[PDB]
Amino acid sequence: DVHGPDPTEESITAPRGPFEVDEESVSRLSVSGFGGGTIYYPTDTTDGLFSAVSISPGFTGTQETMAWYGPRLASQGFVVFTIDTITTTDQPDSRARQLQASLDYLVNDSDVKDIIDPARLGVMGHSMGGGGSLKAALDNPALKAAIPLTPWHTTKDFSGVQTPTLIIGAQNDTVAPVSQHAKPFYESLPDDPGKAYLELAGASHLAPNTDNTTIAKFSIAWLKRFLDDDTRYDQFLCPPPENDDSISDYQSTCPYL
């Protein structure tokens, strides 16, 4: 199943896509292995199953720091789960296990299990949650997309990740400098099935925590392309964008074939 009309620059950069959305709060007390969260999902049941993505915050962060991704991404035809971790001080490998527990909940137990395609699952996360997204993909090669946002991890070698991975760095990140975190992660990844490194010009470590048209556009394109196998979105990814004031660097293994 693909979803929505043929995309444009306007459609992919808009605050909302064509799908109306609702939200379901998931109590910490009703789940195991993570801290609960918010499920954002399309209300249209006539368009086939949707792909699903779980989104982790970073160190000292809660789902509030990632809330804006919910409506923005789900309105493009995705089930989006902004999670809380067990404790805000959980480290990356723990965040990876909690991302996976959240996807297991969505597919096995959640009240949206019947509108998800359990074969089309992805992970995203901020900072230590971005390190968690890399580790979760390493441990679960069935995951069809990963988007680490200003990622942080002591582990540098993600050569084992077979999931299409878009790393978003912040040019001026003083917390997870791109020379020590995002770029090494990106360089370790295999060239197939597809990778990209998008560096946000002028951006701090906390750029991912507020509505960002560049983060939204490329995340939507990446999830469309790799969770839905929707090649209508290759046009935004490959060849890489050239004259985007918001992008200080872009590296890729385009084309994705």
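Residue numbers here begin at 1 and follow the sequence given.
Remark: stretch with higher mean C-alpha B factor among 187-195 and 33-41 is 187-195. In this entry, the higher average B-factor at the C-alpha atoms falls on 242-250, of the pair 242-250 and 17-25.
Of the residues listed, 102, 165, 159, 85, the entry assigns the biggest Cα temperature factor to 159. Highest C-alpha temperature factor among 172, 75, 127, 133, as the PDB entry reports it: 172.
When all modelled residues of the chain are sorted by CA temperature factor, residue 141 is found within the middle third.
Among the modelled residues of its chain, residue 180 has a C-alpha B-factor that falls in the highest third, as given in the PDB entry. Looking at the C-alpha B-factors along this chain, the one for residue 95 belongs to the lowest third.
In this PDB entry, residue 150 carries a Cα temperature factor that places it within the lowest third of its chain's modelled residues.
Ranked by C-alpha B-factor against the other modelled residues of its chain, residue 112 falls in the middle third.
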